[PDB]
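Containing mmCIF, C-alpha atoms and all ligand atoms: run.cif.
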```cif
data_structure
loop_
_atom_site.group_PDB
_atom_site.id
_atom_site.type_symbol
_atom_site.label_atom_id
_atom_site.label_comp_id
_atom_site.auth_asym_id
_atom_site.auth_seq_id
_atom_site.Cartn_x
_atom_site.Cartn_y
_atom_site.Cartn_z
ATOM 1 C CA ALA V 106 3.142 -12.797 16.879
ATOM 2 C CA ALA V 107 1.597 -9.783 18.520
ATOM 3 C CA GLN V 108 2.658 -6.150 18.425
ATOM 4 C CA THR V 109 1.171 -4.334 21.345
ATOM 5 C CA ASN V 110 0.072 -0.711 21.064
ATOM 6 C CA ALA V 111 0.349 -0.855 17.367
ATOM 7 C CA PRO V 112 -0.810 1.893 15.019
ATOM 8 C CA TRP V 113 -4.549 1.664 14.746
ATOM 9 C CA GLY V 114 -4.418 0.565 11.126
ATOM 10 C CA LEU V 115 -2.247 -2.459 11.835
ATOM 11 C CA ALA V 116 -4.501 -3.449 14.693
ATOM 12 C CA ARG V 117 -7.480 -2.994 12.413
ATOM 13 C CA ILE V 118 -6.233 -5.293 9.695
ATOM 14 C CA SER V 119 -5.858 -8.108 12.282
ATOM 15 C CA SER V 120 -9.245 -7.692 13.902
ATOM 16 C CA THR V 121 -12.812 -8.300 12.924
ATOM 17 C CA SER V 122 -13.696 -5.170 14.882
ATOM 18 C CA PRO V 123 -12.477 -1.593 15.193
ATOM 19 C CA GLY V 124 -10.926 -0.188 18.292
ATOM 20 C CA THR V 125 -8.291 -2.752 19.164
ATOM 21 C CA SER V 126 -4.677 -1.956 19.788
ATOM 22 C CA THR V 127 -2.664 -5.127 19.150
ATOM 23 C CA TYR V 128 -1.483 -6.175 15.686
ATOM 24 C CA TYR V 129 -1.643 -9.992 15.448
ATOM 25 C CA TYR V 130 0.322 -11.516 12.609
ATOM 26 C CA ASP V 131 2.133 -14.669 11.664
ATOM 27 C CA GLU V 132 5.826 -14.294 12.435
ATOM 28 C CA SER V 133 6.758 -15.118 8.830
ATOM 29 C CA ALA V 134 5.873 -11.412 8.381
ATOM 30 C CA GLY V 135 6.279 -11.289 4.622
ATOM 31 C CA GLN V 136 9.771 -12.765 4.669
ATOM 32 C CA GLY V 137 10.773 -13.777 1.192
ATOM 33 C CA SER V 138 8.406 -11.327 -0.513
ATOM 34 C CA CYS V 139 9.374 -8.049 -2.131
ATOM 35 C CA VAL V 140 7.430 -4.792 -2.315
ATOM 36 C CA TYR V 141 8.279 -1.973 -4.704
ATOM 37 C CA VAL V 142 7.150 1.405 -3.408
ATOM 38 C CA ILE V 143 6.733 3.617 -6.434
ATOM 39 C CA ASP V 144 6.702 7.081 -4.967
ATOM 40 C CA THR V 145 9.004 9.905 -3.814
ATOM 41 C CA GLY V 146 11.691 7.414 -2.765
ATOM 42 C CA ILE V 147 12.427 5.679 0.502
ATOM 43 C CA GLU V 148 14.827 6.876 3.188
ATOM 44 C CA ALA V 149 16.355 3.445 3.330
ATOM 45 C CA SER V 150 18.673 4.383 6.182
ATOM 46 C CA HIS V 151 15.737 4.823 8.510
ATOM 47 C CA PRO V 152 16.324 2.411 11.410
ATOM 48 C CA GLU V 153 12.754 1.228 11.102
ATOM 49 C CA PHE V 154 13.596 -0.526 7.843
ATOM 50 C CA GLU V 155 16.354 -2.610 9.498
ATOM 51 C CA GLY V 156 18.362 -2.714 6.273
ATOM 52 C CA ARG V 157 15.494 -4.241 4.354
ATOM 53 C CA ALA V 158 14.885 -1.193 2.183
ATOM 54 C CA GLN V 159 16.882 -0.028 -0.780
ATOM 55 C CA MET V 160 16.415 2.407 -3.579
ATOM 56 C CA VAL V 161 16.574 0.722 -6.957
ATOM 57 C CA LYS V 162 15.662 3.499 -9.386
ATOM 58 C CA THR V 163 15.168 7.242 -9.510
ATOM 59 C CA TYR V 164 13.850 9.471 -12.263
ATOM 60 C CA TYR V 165 15.342 12.567 -10.718
ATOM 61 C CA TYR V 166 18.725 13.958 -9.835
ATOM 62 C CA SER V 167 18.891 11.976 -6.602
ATOM 63 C CA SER V 168 17.324 8.863 -5.210
ATOM 64 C CA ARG V 169 16.825 10.603 -1.856
ATOM 65 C CA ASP V 170 13.275 11.000 -0.625
ATOM 66 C CA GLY V 171 13.253 14.753 -0.133
ATOM 67 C CA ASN V 172 9.531 14.706 0.556
ATOM 68 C CA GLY V 173 8.648 11.993 3.079
ATOM 69 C CA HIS V 174 5.607 10.561 1.371
ATOM 70 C CA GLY V 175 7.377 7.558 -0.084
ATOM 71 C CA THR V 176 9.142 6.833 3.152
ATOM 72 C CA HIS V 177 5.815 6.924 4.961
ATOM 73 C CA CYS V 178 4.217 4.549 2.537
ATOM 74 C CA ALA V 179 7.181 2.225 2.661
ATOM 75 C CA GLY V 180 6.986 2.194 6.433
ATOM 76 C CA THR V 181 3.362 1.111 6.307
ATOM 77 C CA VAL V 182 4.318 -1.717 3.999
ATOM 78 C CA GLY V 183 7.295 -3.010 5.852
ATOM 79 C CA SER V 184 8.821 -1.043 8.697
ATOM 80 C CA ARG V 185 9.375 -2.821 11.977
ATOM 81 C CA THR V 186 6.971 -0.711 14.001
ATOM 82 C CA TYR V 187 4.614 0.669 11.424
ATOM 83 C CA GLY V 188 4.566 -2.044 8.787
ATOM 84 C CA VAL V 189 2.141 -4.789 7.881
ATOM 85 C CA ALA V 190 4.816 -7.121 6.470
ATOM 86 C CA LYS V 191 7.648 -6.556 8.904
ATOM 87 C CA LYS V 192 10.174 -8.867 7.221
ATOM 88 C CA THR V 193 9.503 -8.033 3.566
ATOM 89 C CA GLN V 194 12.139 -6.513 1.304
ATOM 90 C CA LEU V 195 11.380 -2.969 0.185
ATOM 91 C CA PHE V 196 12.543 -1.511 -3.118
ATOM 92 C CA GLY V 197 12.120 2.186 -3.797
ATOM 93 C CA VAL V 198 11.387 3.598 -7.231
ATOM 94 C CA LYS V 199 11.399 7.413 -7.220
ATOM 95 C CA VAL V 200 8.874 8.549 -9.811
ATOM 96 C CA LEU V 201 7.709 11.550 -7.802
ATOM 97 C CA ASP V 202 9.773 14.630 -7.194
ATOM 98 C CA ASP V 203 10.448 16.119 -3.817
ATOM 99 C CA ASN V 204 7.222 18.079 -4.007
ATOM 100 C CA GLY V 205 5.312 14.867 -4.412
ATOM 101 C CA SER V 206 4.551 15.377 -8.097
ATOM 102 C CA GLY V 207 5.474 13.453 -11.216
ATOM 103 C CA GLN V 208 4.688 13.438 -14.855
ATOM 104 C CA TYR V 209 2.638 10.547 -16.127
ATOM 105 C CA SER V 210 5.406 9.525 -18.521
ATOM 106 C CA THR V 211 7.759 9.103 -15.557
ATOM 107 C CA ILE V 212 5.223 7.185 -13.519
ATOM 108 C CA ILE V 213 4.641 4.843 -16.443
ATOM 109 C CA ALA V 214 8.353 4.344 -16.888
ATOM 110 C CA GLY V 215 8.663 3.477 -13.235
ATOM 111 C CA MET V 216 5.993 0.825 -13.576
ATOM 112 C CA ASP V 217 7.694 -0.680 -16.585
ATOM 113 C CA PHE V 218 10.936 -0.628 -14.638
ATOM 114 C CA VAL V 219 9.504 -2.711 -11.834
ATOM 115 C CA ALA V 220 8.089 -5.261 -14.227
ATOM 116 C CA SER V 221 11.575 -5.850 -15.546
ATOM 117 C CA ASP V 222 13.660 -5.300 -12.434
ATOM 118 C CA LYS V 223 11.807 -7.924 -10.472
ATOM 119 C CA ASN V 224 13.363 -10.548 -12.724
ATOM 120 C CA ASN V 225 16.752 -9.630 -11.248
ATOM 121 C CA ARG V 226 15.697 -9.960 -7.575
ATOM 122 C CA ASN V 227 15.335 -13.015 -5.356
ATOM 123 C CA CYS V 228 11.698 -12.750 -4.203
ATOM 124 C CA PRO V 229 10.704 -16.391 -3.714
ATOM 125 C CA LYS V 230 7.341 -15.581 -2.153
ATOM 126 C CA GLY V 231 6.464 -13.029 -4.831
ATOM 127 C CA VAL V 232 6.421 -9.394 -5.743
ATOM 128 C CA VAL V 233 4.082 -6.518 -4.866
ATOM 129 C CA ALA V 234 4.036 -2.919 -6.036
ATOM 130 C CA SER V 235 2.455 -0.128 -4.040
ATOM 131 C CA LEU V 236 1.404 2.988 -5.998
ATOM 132 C CA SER V 237 0.274 5.748 -3.654
ATOM 133 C CA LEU V 238 -0.179 8.195 -6.454
ATOM 134 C CA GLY V 239 -2.568 9.221 -9.149
ATOM 135 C CA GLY V 240 -4.056 11.975 -11.201
ATOM 136 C CA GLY V 241 -6.742 12.396 -13.782
ATOM 137 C CA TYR V 242 -7.833 9.573 -15.994
ATOM 138 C CA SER V 243 -5.156 8.400 -18.412
ATOM 139 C CA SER V 244 -5.468 5.299 -20.481
ATOM 140 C CA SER V 245 -1.710 5.142 -20.768
ATOM 141 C CA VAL V 246 -1.224 5.218 -17.000
ATOM 142 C CA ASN V 247 -3.882 2.561 -16.603
ATOM 143 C CA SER V 248 -2.284 0.431 -19.270
ATOM 144 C CA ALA V 249 1.058 0.680 -17.511
ATOM 145 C CA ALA V 250 -0.483 -0.508 -14.281
ATOM 146 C CA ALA V 251 -2.196 -3.329 -16.106
ATOM 147 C CA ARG V 252 1.111 -4.364 -17.654
ATOM 148 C CA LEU V 253 2.776 -4.388 -14.272
ATOM 149 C CA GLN V 254 0.078 -6.618 -12.852
ATOM 150 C CA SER V 255 0.196 -8.883 -15.918
ATOM 151 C CA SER V 256 3.945 -9.254 -15.464
ATOM 152 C CA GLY V 257 3.341 -11.069 -12.197
ATOM 153 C CA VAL V 258 3.355 -8.243 -9.669
ATOM 154 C CA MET V 259 0.557 -7.647 -7.193
ATOM 155 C CA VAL V 260 -0.265 -4.045 -7.960
ATOM 156 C CA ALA V 261 -2.027 -2.000 -5.301
ATOM 157 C CA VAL V 262 -2.990 1.585 -6.152
ATOM 158 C CA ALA V 263 -4.606 4.466 -4.298
ATOM 159 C CA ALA V 264 -8.197 5.244 -5.110
ATOM 160 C CA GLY V 265 -7.493 8.992 -4.773
ATOM 161 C CA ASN V 266 -8.487 11.693 -2.304
ATOM 162 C CA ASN V 267 -11.139 13.535 -4.269
ATOM 163 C CA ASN V 268 -14.237 12.249 -2.460
ATOM 164 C CA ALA V 269 -15.410 11.274 -5.910
ATOM 165 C CA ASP V 270 -15.781 8.273 -8.140
ATOM 166 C CA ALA V 271 -12.377 6.785 -8.839
ATOM 167 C CA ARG V 272 -13.431 6.108 -12.438
ATOM 168 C CA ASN V 273 -12.041 9.565 -13.318
ATOM 169 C CA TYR V 274 -8.571 8.947 -11.880
ATOM 170 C CA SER V 275 -5.590 6.853 -12.821
ATOM 171 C CA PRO V 276 -4.231 4.378 -12.108
ATOM 172 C CA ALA V 277 -7.164 3.990 -9.717
ATOM 173 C CA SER V 278 -9.523 3.323 -12.593
ATOM 174 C CA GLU V 279 -7.506 0.458 -14.078
ATOM 175 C CA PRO V 280 -9.674 -2.589 -13.397
ATOM 176 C CA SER V 281 -6.951 -5.233 -13.252
ATOM 177 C CA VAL V 282 -5.045 -3.771 -10.288
ATOM 178 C CA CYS V 283 -6.125 -3.557 -6.672
ATOM 179 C CA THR V 284 -7.654 -0.149 -6.115
ATOM 180 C CA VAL V 285 -7.662 0.829 -2.460
ATOM 181 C CA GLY V 286 -9.959 3.215 -0.625
ATOM 182 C CA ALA V 287 -9.314 4.679 2.770
ATOM 183 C CA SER V 288 -11.115 4.205 6.048
ATOM 184 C CA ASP V 289 -10.758 5.797 9.453
ATOM 185 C CA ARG V 290 -10.401 4.305 12.891
ATOM 186 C CA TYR V 291 -14.149 4.381 13.443
ATOM 187 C CA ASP V 292 -14.724 2.305 10.296
ATOM 188 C CA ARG V 293 -16.029 5.247 8.280
ATOM 189 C CA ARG V 294 -14.901 5.739 4.746
ATOM 190 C CA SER V 295 -12.326 8.451 5.051
ATOM 191 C CA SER V 296 -13.910 11.781 4.248
ATOM 192 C CA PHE V 297 -11.583 12.330 1.277
ATOM 193 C CA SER V 298 -11.568 8.770 -0.047
ATOM 194 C CA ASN V 299 -12.683 8.165 -3.540
ATOM 195 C CA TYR V 300 -15.271 5.473 -4.044
ATOM 196 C CA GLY V 301 -17.008 3.701 -6.884
ATOM 197 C CA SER V 302 -17.326 0.405 -8.621
ATOM 198 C CA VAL V 303 -13.601 0.202 -9.358
ATOM 199 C CA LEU V 304 -12.591 0.064 -5.742
ATOM 200 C CA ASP V 305 -11.542 -3.427 -4.723
ATOM 201 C CA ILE V 306 -10.885 -2.931 -1.041
ATOM 202 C CA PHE V 307 -10.440 -0.410 1.732
ATOM 203 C CA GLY V 308 -7.637 -0.104 4.137
ATOM 204 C CA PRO V 309 -6.813 2.208 6.994
ATOM 205 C CA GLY V 310 -6.030 5.644 5.662
ATOM 206 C CA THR V 311 -6.890 8.364 8.132
ATOM 207 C CA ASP V 312 -4.244 9.358 10.685
ATOM 208 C CA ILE V 313 -1.703 6.703 9.846
ATOM 209 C CA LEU V 314 1.556 6.793 11.777
ATOM 210 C CA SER V 315 4.609 5.689 9.863
ATOM 211 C CA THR V 316 8.182 6.539 9.066
ATOM 212 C CA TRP V 317 9.212 9.931 7.753
ATOM 213 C CA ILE V 318 12.373 11.483 6.409
ATOM 214 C CA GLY V 319 15.072 12.560 8.765
ATOM 215 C CA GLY V 320 14.658 9.322 10.687
ATOM 216 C CA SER V 321 11.388 10.635 12.033
ATOM 217 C CA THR V 322 7.789 9.526 12.151
ATOM 218 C CA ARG V 323 4.496 11.281 11.479
ATOM 219 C CA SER V 324 0.846 10.648 10.990
ATOM 220 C CA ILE V 325 -0.769 11.610 7.734
ATOM 221 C CA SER V 326 -3.953 10.743 5.906
ATOM 222 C CA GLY V 327 -4.812 9.585 2.439
ATOM 223 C CA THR V 328 -5.642 6.763 0.148
ATOM 224 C CA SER V 329 -1.876 6.802 -0.203
ATOM 225 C CA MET V 330 -1.720 5.455 3.345
ATOM 226 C CA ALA V 331 -4.380 2.802 2.778
ATOM 227 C CA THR V 332 -2.642 1.398 -0.306
ATOM 228 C CA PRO V 333 0.516 0.216 1.485
ATOM 229 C CA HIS V 334 -1.578 -1.563 4.079
ATOM 230 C CA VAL V 335 -3.005 -3.651 1.257
ATOM 231 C CA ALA V 336 0.354 -4.012 -0.443
ATOM 232 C CA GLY V 337 1.862 -5.193 2.810
ATOM 233 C CA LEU V 338 -1.018 -7.539 3.453
ATOM 234 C CA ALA V 339 -0.577 -9.040 0.025
ATOM 235 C CA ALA V 340 3.104 -9.623 0.675
ATOM 236 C CA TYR V 341 2.271 -11.191 4.008
ATOM 237 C CA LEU V 342 -0.330 -13.513 2.533
ATOM 238 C CA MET V 343 1.920 -14.457 -0.352
ATOM 239 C CA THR V 344 4.672 -15.446 2.084
ATOM 240 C CA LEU V 345 2.127 -17.632 3.854
ATOM 241 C CA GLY V 346 1.337 -19.258 0.550
ATOM 242 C CA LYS V 347 -2.318 -18.356 0.826
ATOM 243 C CA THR V 348 -2.404 -16.474 -2.465
ATOM 244 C CA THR V 349 -0.356 -15.379 -5.448
ATOM 245 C CA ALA V 350 0.287 -12.040 -7.060
ATOM 246 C CA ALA V 351 -2.410 -12.640 -9.678
ATOM 247 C CA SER V 352 -5.067 -13.554 -7.165
ATOM 248 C CA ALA V 353 -4.083 -11.606 -4.042
ATOM 249 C CA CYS V 354 -6.485 -8.718 -4.558
ATOM 250 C CA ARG V 355 -9.413 -11.078 -4.943
ATOM 251 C CA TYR V 356 -8.213 -13.157 -2.017
ATOM 252 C CA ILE V 357 -7.973 -10.050 0.157
ATOM 253 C CA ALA V 358 -11.459 -9.039 -0.931
ATOM 254 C CA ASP V 359 -12.807 -12.556 -0.334
ATOM 255 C CA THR V 360 -11.299 -12.687 3.150
ATOM 256 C CA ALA V 361 -11.946 -9.051 4.109
ATOM 257 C CA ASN V 362 -14.181 -7.812 6.872
ATOM 258 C CA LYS V 363 -17.447 -7.328 5.051
ATOM 259 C CA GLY V 364 -19.992 -4.607 5.816
ATOM 260 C CA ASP V 365 -18.024 -3.031 8.650
ATOM 261 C CA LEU V 366 -17.646 0.368 6.984
ATOM 262 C CA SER V 367 -20.018 3.328 7.026
ATOM 263 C CA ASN V 368 -20.590 6.107 4.451
ATOM 264 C CA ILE V 369 -19.972 3.671 1.642
ATOM 265 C CA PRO V 370 -22.099 4.772 -1.318
ATOM 266 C CA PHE V 371 -24.262 2.203 -3.009
ATOM 267 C CA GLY V 372 -22.182 0.391 -5.607
ATOM 268 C CA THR V 373 -18.919 0.603 -3.733
ATOM 269 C CA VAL V 374 -17.538 -2.504 -2.026
ATOM 270 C CA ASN V 375 -17.837 -2.570 1.729
ATOM 271 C CA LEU V 376 -14.711 -4.587 2.352
ATOM 272 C CA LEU V 377 -11.883 -3.807 4.734
ATOM 273 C CA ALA V 378 -8.537 -5.579 4.482
ATOM 274 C CA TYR V 379 -8.173 -8.294 7.116
ATOM 275 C CA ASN V 380 -5.427 -10.837 7.699
ATOM 276 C CA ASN V 381 -7.641 -13.515 9.320
ATOM 277 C CA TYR V 382 -4.845 -14.329 11.729
ATOM 278 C CA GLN V 383 -5.611 -17.099 14.225
ATOM 279 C CA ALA V 384 -2.961 -17.852 16.859
HETATM 280 CA CA CA R 1 -16.701 -6.613 11.989
HETATM 281 CA CA CA R 2 -9.508 -4.175 -9.484
#
```
Please, can you express the file's structure as structure tokens?
Ligand SMILES: [Ca+2]
Ligand SMILES: [Ca+2]
Amino acid sequence: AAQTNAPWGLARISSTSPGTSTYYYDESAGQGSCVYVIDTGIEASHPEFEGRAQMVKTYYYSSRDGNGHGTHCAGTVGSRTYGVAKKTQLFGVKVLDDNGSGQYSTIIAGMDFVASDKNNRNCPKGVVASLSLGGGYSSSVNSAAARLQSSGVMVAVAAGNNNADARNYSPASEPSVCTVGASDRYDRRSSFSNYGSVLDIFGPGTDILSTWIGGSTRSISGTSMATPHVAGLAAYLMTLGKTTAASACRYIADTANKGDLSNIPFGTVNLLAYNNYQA
């Protein structure tokens, strides 16, 4: 399949080179996989989700995404137009309030929730969780992310937007999950992207167009935008049977475009998520 005039990030994950415009992907498109978007919620009614999104848990008064961030991330995972894995099932877990903030205890609880809830869902091709969030280092947040991964969920987390080593942020610094840096359309590390030895992979994160609340769309930037590209890619690859939740991060790294990025500090991987699609 080919989506013409796709958002640059989708084009980039299906090309060995920057600057293309078509997103090439196998039509299976993540069908049969599930992605939990642990964030400010998902506006599931957005037409771009085609009924494939639903809220499954909120830690606040409402499950509505009153912010937009979670809806944006969800759209990069799995919306029709903006999504990597266009046929995946999306499940929203609202751990962040409508200002985009959440206490660590709530974020942990939301991770534990996913680890259990997945057992109640039909996800024959496997389960991914996308965590476009983080704060300062917390062993308890890291341990929650590790548990979620151990439970059989492909966990992708944002590296953070501090232009610093991700070792000082969580859950970015948890080794066992897939920690995602951000790049821009010119294959530079995004100016805000964290870096460091704990990064596993980069994905497109600067000026990413996706869904927004009120049935709208907008372009925003962050490691939060790179993370759902990787989460979506994992779902896509899992549907194709090329990898499993436990191994998807390493598979993505092994099959990534290598050395294409600039302003990568020594010691940080130079790997950009790539679907290796061949018609
Ligand atoms: Ca290249
Ligand atoms: Ca890792």
Identify, on the basis of only C-alpha atoms, every residue whose closest approach to residue 351 in chain V does not exceed 9 Å; exclude the query and any residue fewer than 6 positions from it along the same chain; express the result as a PyMOL selection string. chain V and resi 254-255+257-259
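Taking CA of residue 369 in chain V and CA of residue 295 in chain V as endpoints, the distance between them is 9.6 Å.
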Could you please determine the separation between CA of residue 253 in chain V and CA of residue 134 in chain V in Å, to one decimal place? 23.9 Å
Taking all atoms listed in the file into account, which residues are within 9 Å of ligand CA 1 (chain R), as an NGL selection string? :V and (120-123 or 362-366)
Could you expand the PyMOL selection byres (((chain V and resi 127) around 12) and not hetatm) into the explicit residues it covers here, written as a VMD selection string? chain V and resid 106 to 120 122 to 126 128 to 130 186
Selected residue, from V:299, V:281, V:256, V:316, that lies nearest to ligand CA 2 (chain R) when counting all atoms listed in the file: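 That would be V:281, the residue with the smallest distance to ligand CA 2 (chain R).
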Hits from the PyMOL selection byres (((not hetatm)) within 8 of (chain R and resi 2)), listed as a VMD selection string: chain V and resid 279 to 284 303 to 305 354
My list of candidates is V:159, V:378, V:213, V:194. Which is closest to residue 338 in chain V when distances are computed with all atoms listed in the file? V:378
Pick from V:314, V:306, V:269, V:216, whichever lies nearest to residue 357 in chain V using all atoms listed in the file: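 Distance minimum relative to residue 357 in chain V lands on V:306.
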List the residues matched by the PyMOL selection byres (((chain V and resi 272) around 8) and not hetatm) in the displayed structure as a list in words, ordered by chain and then by residue number.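 Against this file, the PyMOL selection byres (((chain V and resi 272) around 8) and not hetatm) returns the residues residues 242, 270, 271, 273, 274, 275, 277, 278, 301, 302 and 303 of chain V.
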Could you tell me which of V:133, V:267, V:296, V:311 comes closest to residue 189 in chain V if we count only C-alpha atoms? V:133
I'd like to know which of V:320, V:370, V:146, V:188 is closest to residue 169 in chain V, using all atoms listed in the file.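 The answer is V:146, which sits nearest to residue 169 in chain V.
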Counting all atoms listed in the file, which residues have an atom no more than 12 Å from (-4.1, 1.8, 4.3) in the file's coordinates? Please list them as a VMD selection string. chain V and resid 112 to 118 177 to 182 187 to 189 235 to 237 261 to 264 284 to 290 294 to 295 298 306 to 315 325 to 338 377 to 379
For residue 193 in chain V, the nearest of the candidates V:268, V:208, V:138, V:225, counting all atoms listed in the file: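 Closest to residue 193 in chain V, using all atoms listed in the file: V:138.
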